[PDB]
Amino acid sequence: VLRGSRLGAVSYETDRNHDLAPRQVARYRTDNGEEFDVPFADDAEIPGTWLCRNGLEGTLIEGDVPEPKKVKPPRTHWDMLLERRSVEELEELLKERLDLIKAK
Amino acid sequence: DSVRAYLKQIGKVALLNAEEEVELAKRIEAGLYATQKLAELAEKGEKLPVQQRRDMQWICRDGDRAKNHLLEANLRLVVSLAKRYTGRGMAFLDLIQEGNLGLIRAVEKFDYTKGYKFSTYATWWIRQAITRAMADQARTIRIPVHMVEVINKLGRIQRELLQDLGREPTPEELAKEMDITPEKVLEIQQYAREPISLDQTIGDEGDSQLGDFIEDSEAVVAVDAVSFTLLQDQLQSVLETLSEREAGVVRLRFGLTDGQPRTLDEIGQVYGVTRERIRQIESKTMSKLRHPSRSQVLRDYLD
Amino acid sequence: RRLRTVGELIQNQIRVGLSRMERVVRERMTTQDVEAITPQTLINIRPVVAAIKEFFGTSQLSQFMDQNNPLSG
DNA sequence: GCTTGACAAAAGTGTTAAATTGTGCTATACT
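Residue numbers (this note's numbering), protein chains in the order written: chain B, 116 to 219; chain P, 1468 to 1770; chain D, 152 to 224.
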């Protein structure tokens, strides 16, 4: 009565292994020690890091050091406290609190 | 409902008085400073005396415990706000839990020097956290936040205009208030529509569900599937009727041999002749094939 | 055993719609200017119209007329 | 049967103007 379709379409072509795309396999290792293989085309430009099956961004074995992939550092609770308190004020706070514990 | 366990467990800690909040915040700040001192001074040695070391570690632990206590006593606030936004699409207890994540941020930013209550500041953070949570997670097909806000604005305007006019407005009437074209609001309304459940029963009984009777448009039609292959043979038989000299150019031009079309120049990589000559050969073969002597063989495959 | 005629069947849905309208009106009369409100400005007729539309559309009793022949109808 | 000169249409290459998306923060008080 009503019709719809999947997110894709079908192709009727027939050919089989008689056509070969030149490919080579890269090797990756993850944090936990698992290893994985990924077939790439001979155009290569293989990436230094790959997201493997287990979900760990593993690194290639051929290179001694992969692409740095450097990223900015995180923002933490002290680093945001320092945006509202001066170190001079924190020194006085520490002195004031040390006075009470020193009382006993 | 089984949210009662959370309500009970948070009910074992009493509310803070106005003077305890400042004490807790100041303790948290002092403990943070003590931890940062112990972290920093290690980079250059600078041994502290054992008594001072133990006192400073106690300060650190007291600050951490005061932060935990401040979160504990204020967990009760989040539920009073979460109960307002329940029913919009996300679960009540999920609302509470992710508003708690704005509550930790509120505790992180709250300070006493402003001379204001903890609730006054924490309410804003809890509310924005709940709003963001609902915006991101309330729909099966995710809608970015700004799109959710414009959809909400359209809904708000449409409700009032319907209350006034007494009927659903035409798109231009809503456009006159949105300051955007009528087709724009018509597209927003399309973006707003939710998917239906594929498992809903159909037929007024439990005989079957809706999904059991959806006809697939992109099906593998049998007669076509075979038919194409026949053409892929018949065409070959026509191309095989030519000399290999002529056939190779067409087979390379349209990529029949390997599936990749080739420019006029690239065909010369094996044939040697110039691109213009390859074009002339292509024209000769192309005119020979279209002659009725070979057209009728495969004309009616086009449909 | 009694017989709900068409009138009572329609009346039940009218009552439901007016009950929803009553809930809305009693909720909203607490939050409007007193002595300046007007009855036509707070009576909301949407729920009753929605109930009437739902009854004639989806109710199991409101069936398609059987026009096979005069006797069938 | 084919090369060469010369030309225009189509399409890659890169910049960037515009559109879209993600994110932190709003301090009367409210538990």
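Idealized CB from N, CA, C, for every residue including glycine.
Considering residue i, what are the terminal residues of the alpha helix (DSSP H) in which it resides?
i                      : result
residue 139 (chain B)  : That residue, residue 139 (chain B), is in no alpha helix (DSSP H); its beta strand (DSSP E) goes 138 to 144.
residue 1512 (chain P) : First-last for residue 1512 (chain P): undefined, no H or E at that position.
residue 175 (chain B)  : First-last for residue 175 (chain B): 172 to 175, but that is the beta strand (DSSP E), not the alpha helix (DSSP H).
residue 216 (chain B)  : 202 to 216
residue 1623 (chain P) : 1612 to 1632
residue 1560 (chain P) : 1559 to 1576
residue 1593 (chain P) : 1585 to 1604
residue 192 (chain B)  : 192 to 196
When the distance is taken between beta carbons, is residue j closer than 8 angstroms to residue i?
i                      : j                      : result
residue 1645 (chain P) : residue 1621 (chain P) : yes
residue 193 (chain B)  : residue 1524 (chain P) : no
residue 1501 (chain P) : residue 1530 (chain P) : yes
residue 1534 (chain P) : residue 1495 (chain P) : yes
residue 1624 (chain P) : residue 1641 (chain P) : yes
residue 1723 (chain P) : residue 1746 (chain P) : no
residue 1678 (chain P) : residue 1665 (chain P) : yes
residue 167 (chain B)  : residue 191 (chain B)  : no
residue 1526 (chain P) : residue 1497 (chain P) : yes
residue 157 (chain B)  : residue 137 (chain B)  : yes
residue 167 (chain D)  : residue 194 (chain D)  : no
residue 164 (chain B)  : residue 184 (chain B)  : yes
residue 1593 (chain P) : residue 1537 (chain P) : no
residue 1719 (chain P) : residue 1734 (chain P) : yes
residue 1589 (chain P) : residue 1570 (chain P) : yes
residue 1699 (chain P) : residue 1765 (chain P) : no
residue 1542 (chain P) : residue 1553 (chain P) : no
residue 1681 (chain P) : residue 1675 (chain P) : no
residue 1605 (chain P) : residue 1556 (chain P) : yes
residue 203 (chain D)  : residue 164 (chain D)  : yes
residue 1710 (chain P) : residue 118 (chain B)  : no
Grouping DSSP H, G and I as helix and E and B as strand, with all else coil, what is residue i?
i                      : result
residue 154 (chain B)  : strand
residue 1710 (chain P) : coil
residue 1647 (chain P) : coil
residue 1675 (chain P) : strand
residue 147 (chain B)  : coil
residue 1608 (chain P) : coil
residue 1663 (chain P) : coil
residue 1637 (chain P) : coil
residue 1721 (chain P) : coil
residue 1716 (chain P) : helix
residue 156 (chain D)  : coil
residue 1642 (chain P) : helix
residue 1769 (chain P) : coil
residue 1705 (chain P) : helix
residue 130 (chain B)  : coil
residue 179 (chain B)  : coil
residue 163 (chain D)  : helix
residue 1696 (chain P) : helix
residue 161 (chain B)  : coil
residue 1653 (chain P) : helix
residue 1689 (chain P) : helix
residue 1658 (chain P) : helix
Per DSSP, residue i forms a beta bridge with which residues?
i                      : result
residue 117 (chain B)  : P:1681
residue 1668 (chain P) : P:1676
Looking at the unbroken beta strand (DSSP E) that takes in residue i, where does it start and where does it end?
i                     : result
residue 164 (chain B) : 164 to 166
Inset, instruction - Note down, one range per segment and in chain order, each alpha helix (DSSP H) of at least 4 residues found wholly within the stretch 1729 to 1763 of chain P. - result: If you keep only unbroken alpha helix (DSSP H) runs of at least 4 residues inside the stretch 1729 to 1763 of chain P, you get 1731 to 1738 and 1742 to 1757.
Inset, instruction - Tell me the start and end of each unbroken alpha helix (DSSP H) in the stretch 168 to 223 of chain D that is at least 4 residues and wholly inside, in chain order. - result: Given a length threshold of 4 residues, each whole run of the alpha helix (DSSP H) inside the stretch 168 to 223 of chain D is given here in chain order: 197 to 209.
Legend entry - Start-end ranges of the beta strand (DSSP E) lying completely within the stretch 1469 to 1551 of chain P, minimum 3 residues: DSSP runs (the beta strand (DSSP E)) wholly in the stretch 1469 to 1551 of chain P: none.
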